[PDB]
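S.K.:
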Amino acid sequence: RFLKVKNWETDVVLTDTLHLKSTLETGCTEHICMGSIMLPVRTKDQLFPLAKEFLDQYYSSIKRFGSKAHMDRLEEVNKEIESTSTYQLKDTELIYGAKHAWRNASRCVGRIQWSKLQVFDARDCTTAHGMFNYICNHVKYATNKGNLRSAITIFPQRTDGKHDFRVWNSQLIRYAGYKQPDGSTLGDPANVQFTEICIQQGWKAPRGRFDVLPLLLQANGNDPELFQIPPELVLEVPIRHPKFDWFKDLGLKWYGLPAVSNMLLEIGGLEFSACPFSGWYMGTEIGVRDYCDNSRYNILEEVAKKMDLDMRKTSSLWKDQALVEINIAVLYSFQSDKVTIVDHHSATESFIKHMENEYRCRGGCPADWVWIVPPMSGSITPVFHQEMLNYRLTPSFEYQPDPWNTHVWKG
Amino acid sequence: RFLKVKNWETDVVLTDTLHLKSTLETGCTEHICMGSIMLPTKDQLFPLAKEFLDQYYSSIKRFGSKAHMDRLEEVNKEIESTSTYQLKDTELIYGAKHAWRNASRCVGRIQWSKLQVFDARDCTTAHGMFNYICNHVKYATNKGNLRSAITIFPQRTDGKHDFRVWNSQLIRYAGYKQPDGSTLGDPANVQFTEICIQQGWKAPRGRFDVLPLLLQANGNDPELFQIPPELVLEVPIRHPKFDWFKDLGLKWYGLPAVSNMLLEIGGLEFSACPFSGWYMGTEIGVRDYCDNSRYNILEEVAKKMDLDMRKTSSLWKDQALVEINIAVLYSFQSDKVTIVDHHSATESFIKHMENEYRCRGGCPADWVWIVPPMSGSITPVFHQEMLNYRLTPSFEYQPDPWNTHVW
Ligand code: HEM
Ligand code: HEM
Ligand SMILES: Fc1cccc(CCNCCNc2ccnc(-n3ccnc3)n2)c1
Ligand SMILES: Fc1cccc(CCNCCNc2ccnc(-n3ccnc3)n2)c1
Ligand SMILES: C[C@H](O)[C@H](O)[C@H]1CNc2nc(N)[nH]c(=O)c2N1
Ligand SMILES: C[C@H](O)[C@H](O)[C@H]1CNc2nc(N)[nH]c(=O)c2N1
Ligand SMILES: [Zn+2]
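Just so you know, the sequences run in chain order B and A.
Numbered according to the entry's author numbering, the first sequence spans residues 299 to 338, 348 to 718.
Numbered according to the entry's author numbering, the second sequence spans residues 299 to 338, 350 to 716.
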């Protein structure tokens, strides 16, 4: 079958065939769309076809499909499966796998960069201290003194589900959140629960508004251990505004490296439960969501006051006005400090070109409109006007439950 | 099969049971989501009538009553003999209100039960249609104190005698292709305008010419009429801060009135059913004014503000956008014409969602459409999970009549 998507701004129509290669379920049916829903131990049985599907894709991509090398590899994996119940990826296959998981990530607007991913193979890691060292190296490499480089570090795959490697942090770098007795929150409200666990595990909290959280690292199914990322490796940017000199006195800053550490990487049926990855920020992630969500730092009011906007009625669009200035400040500060960042206009324009290129070369590009469109100024970016099809391809990044809900404590 | 929706900002969780009454299809499958795609006989008729009459009689607490059984009986006899049936006034009003109630893309549905329904099923000619439409416009406009209304023309019979309003909205501005290659007026309306001309309109080739109605009665050829200018309330757009803003020469009309949709009630099809509410400000300031394929004024405005337009990262587009939308709201409010900002409107929709879940078991909603085209995540709907599904009675899209019309 052929599916068409239309851009309503440009009348460009693209044709999707790639969706035929999708296996996993969306959550939607003919009778309900779950497009705006955030979230809608494996036998030898299921494993070889998954391995075979993946190796066919790998060998096609290198133009060696049907080769003796291809056939020998399938054979080797098949035997390794029923002999050992799993299998190990070659380094080349892992690298291909990680890049394609990013390529297939329907919620990521930065995928124009997918082919330039630095893959760190940490499959020889055995302990939390070992995990800490690998993650330090990832952070230093990716940060690159502000000239950010995309990277992923891949820890050993799941075996029996009882020896998982996990990074308990949702991101490698995030700020602590502290719930006060009066009900107020100091720092980042999103991280109150994780902060409390860290403290219980023995972390000494400075209890400030921007305390970098320690790493909580679980190797081989063992209880997690605490580590402090060396502060000299954590690049931060004090936030100021080009025209408003009072903006600096809000005391805002943010970290330069956005590094998701709680997802699961699936490649050929193998599951990598610890696979921290990082790119660079699109400005609105910080300026719109992190700073202005009611459930986060929630600074719209204080900013609006300092600007002396009419705050008595919403139709003054005081919130909208303050929102723009904050996002100007974030971009200004990062650029001034020579730390990589991309504005939502640049990033969405690049995504459109990426998307069209993918349609031409690959037959499609799965995309989640709900996530791709930026959280401010939606229809003045080209993605708003672009029809997209969302479907799931493997290799992929998947969500997994938070480890504190599932972990069997050793004591 | 019992679905939950979460608000990620408030942690409020609602349970949806209403989706299980959905019949029509979404375009989505288990393998592909089409949520961002804009447009994804006697035996057919009776179960549809039955489904509707059942919900109607349940709504007035007479489910299973004799009047219910009698009505079902009476409609069935009528379908068998006549091939169709006629709705009682009570059923027509109920159906129209519920079509709005079920409109998953409409953010203003908290108002659904206050809809004025004008029964125009006795209309026979295009002149009669014009009269009914002028009356709708005058009623709905109400000197700037807007009131929601729908006017319902006769239902489809054999598809050969369709009533159609050829306009997409009762009130829009003309579009002209100029020889200098550009476009004067609304680019969205070039095609329709040329049909206004081919059919006889004397176009004044301006930038904001209120288009004439092209009205089709009983399957006949469409006729032209000009809405009395005195019935078209317009608003000059000024900024409360920038005195230069008025020089742009911008204005908009007060009455948003969709006229090209199809109202389905109990299997019956009303191909001509213009309806109107009042504007949410972003419709005009973000979409009408700033879409690249519409009036596309961002650059002009940015220059008048003397912004650095060299680099996208100065967010000059974003800054101009807010001010344009400030001026729209300020202008309507100053001229005392009903308008709602996107914060108030989305806040009300969250309230409506909660009422609906509580009293009806759900509320079909299209997040892609409900979230405003600016400042999305600083409105509550961004953080609200929504389930989209199709209930009847419904408003449906239908083909533009110039493609369908056997002249
Ligand atoms: C290099 C520059 C990159 C940019 C500008 C970028 C941009 C974004 C943005 C704005 C989001 C939405 C985040 C949110 O709203 O929470 C996102 C999500 C995502 N990105 Fe990227 N990204 C980049 C790199 C990467 C890399 C290196 C990977 C993987 C190797 C990746 C995979 C993903 C995935 C899996 C998501 C979904 C995360 C979730 O569902 O919470 N991205 N990206
Ligand atoms: C009374 C105040 C109302 C408000 C504030 C309101 C708001 C809105 C908005 C903002 C949209 C999106 C429009 C667009 O982006 O093109 C919309 C769409 C829609 N509305 Fe309403 N509306 C109101 C009244 C009504 C009424 C009275 C009806 C029907 C009786 C209705 C039915 C619909 C339908 C069917 C759509 C989808 C239209 C389309 O797909 O183009 N609305 N509404
Ligand atoms: F389905 C869900 C339900 C609740 C939370 C959620 C993840 C929320 N996203 C916040 C984290 N996003 C971030 C953070 C840092 N860095 C990136 N990042 C880096 C490269 N690409 C994205 N993304 C999904
Ligand atoms: F699926 C689609 C494909 C092409 C155009 C499209 C609708 C475009 N928007 C026009 C409708 N918007 C308007 C205009 C005036 N008035 C209202 N309105 C009034 C009350 N509720 C909505 N809505 C859908
Ligand atoms: C309910 C809704 O799906 C949810 O708030 C989504 C909306 N779109 C998003 N888009 C991005 N990029 N990131 C998000 O966290 C969200 N949240
Ligand atoms: C392609 C995408 O579906 C399209 O641009 C939609 C996005 N959301 C929208 N939302 C509203 N309210 N109105 C629209 O016309 C659109 N257009
Ligand atoms: Zn869907």
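Each residue gets a CB set at the ideal place from its N, CA and C atoms; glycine is no exception.
1. Please check if any C-beta of chain A sits within less than 8 Å of the C-beta of B/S622.
2. Go through its chain and collect everything with a Cβ distance to A/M570's Cβ below 6 Å, but skip five positions before and after it.
3. Just to confirm, are A/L630 and A/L616 a CB contact at a threshold of 8 Å?
4. With a threshold of 16 other CB atoms inside 10 Å of the CB of B/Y588, please say whether the residue is buried or exposed.
5. Please state the DSSP three-state secondary structure of A/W561.
6. Just the C-alpha distance for A/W553 and A/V610, rounded to the nearest angstrom, thanks.
7. Can you tell which of A/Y485, A/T647, A/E573, A/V646 has its C-alpha closest to the C-alpha of A/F361?
8. Can you name the start and end residues of the alpha helix (DSSP H) that B/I635 belongs to?
9. So A/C599 contacts chain B; which residues on that side make the cut at Cβ distance below 9 Å?
10. Please indicate yes or no: does the CB of A/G594 lie closer than 7 Å to some heavy atom of ligand 4?
11. Tell me which same chain residues have a C-beta within less than 6 Å of the C-beta of B/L322, skipping the five on either side of it?
12. Could you name the residues that DSSP lists as bridge partners for A/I687?
13. Whether or not the region 413-424 of chain A and the region 529-543 of chain A are in contact is what I'm after, with contact meaning three or more pairs of Cβ atoms, one per stretch, closer than 8 Å; do they touch?
14. Spatial neighbours of B/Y706 within its chain, please: C-beta separation below 7 Å, excluding the five flanking residues on both sides.
15. Between A/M336 and chain B, is the shortest Cβ-Cβ distance under 8 Å, so that the two count as touching?
16. Please report the Cβ distance between A/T313 and A/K302, rounded to the nearest whole angstrom; I am assuming they are in contact, meaning their Cβ atoms lie under 8 Å.
17. Using alpha carbons as the reference points, say which of B/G494, B/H470, B/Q508 lies closest to B/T713.
18. Where in the region 563-604 of chain B do unbroken runs of the beta strand (DSSP E), each at least 3 residues long, occur, reported from the N-terminal end onward?
19. Going straight from the alpha carbon of residue 341 of chain B to that of A/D428, what length do you get?
20. Please confirm if the region 382-390 of chain B is in contact with the region 350-357 of chain B, defined as three or more CB-CB distances below 8 Å between the two stretches.
21. Quick one: Cα of B/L522 to Cα of B/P708, how far?
22. Three or more C-beta pairs closer than 8 Å, one from the region 318-332 of chain A and one from the region 325-333 of chain B: is that the case here?
23. Counting only the same chain and skipping the five closest in sequence on each side, list residues whose C-beta sits under 7 Å from that of A/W510.
24. Name, in chain order, the residues that DSSP records as bridge partners for A/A458.
25. Under DSSP, the beta strand (DSSP E) around B/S703 begins and ends at which residues?
26. For B/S477 and B/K560, I'd like the C-alpha separation in whole angstroms.
27. I want to see whether chain A comes within less than 8 Å of B/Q535, judged by CB atoms only; does it?
28. Helix or strand or just coil, what does DSSP make of B/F472?
29. Check each residue of the region 306-331 of chain A: if its Cβ is closer than 7 Å to any Cβ of chain B, include it; give the result in chain order.
30. Considering only their Cβ atoms, is the gap separating B/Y365 from B/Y403 smaller than 8 Å?
31. Any C-beta of chain A within less than 9 Å: which residues of the region 644-661 of chain B qualify?
32. Let me check you understand the geometry: is the CB of A/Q693 closer than 7 Å to at least one non-hydrogen atom of ligand 5?
33. Over the uninterrupted alpha helix (DSSP H) stretch that includes B/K302, give me the two end residues.
34. When the Cα atoms are used, what is the spatial distance from A/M683 to A/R596?
35. Of the choices A/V567, A/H692, A/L357, whose alpha-carbon is the least far from that of A/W475?
36. Run the CB neighbour count on A/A376, radius 10 Å, all protein chains shown included, and call it buried at 16 or more, exposed below.
M.R.: According to the data block:
1. Yes, because at least one Cβ of chain A sits closer than 8 Å to the Cβ of B/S622.
2. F704
3. no
4. Around the CB of B/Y588, 16 or more other CB atoms lie within 10 Å, so the residue is classed as buried.
5. For A/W561, the secondary structure class from DSSP, reduced to helix, strand or coil, is strand.
6. 10 Å
7. A/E573
8. Taken as a continuous stretch (DSSP letters only), the alpha helix (DSSP H) holding B/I635 covers 625-643.
9. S686, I687
10. no
11. Excluding positions up to five away in sequence, the list reads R699.
12. None; A/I687 has no bridge partner.
13. no
14. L337, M570
15. yes
16. 5 Å
17. The residue among B/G494, B/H470, B/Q508 with its C-alpha nearest the C-alpha of B/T713 is B/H470.
18. 571-574, 577-579
19. A break in chain B separates 338 from 348, and the residue in question, residue 341 of chain B, sits inside that break with no coordinates.
20. yes
21. 18 Å
22. yes
23. So the qualifying residues of the chain are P521, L533.
24. A/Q425, A/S585
25. 703-705
26. 19 Å
27. no
28. coil
29. Those residues of the region 306-331 of chain A that come within reach of chain B (Cβ to Cβ, closer than 7 Å) are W306, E307, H317, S320, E323, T324, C326, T327, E328, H329, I330, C331.
30. yes
31. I648, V649, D650, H651, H652, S653, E656
32. yes
33. No alpha helix (DSSP H) contains B/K302, which is instead part of the beta strand (DSSP E) from 301-304.
34. 10 Å
35. Between A/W475 and the set A/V567, A/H692, A/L357, the nearest pair of CA atoms involves A/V567.
36. exposed
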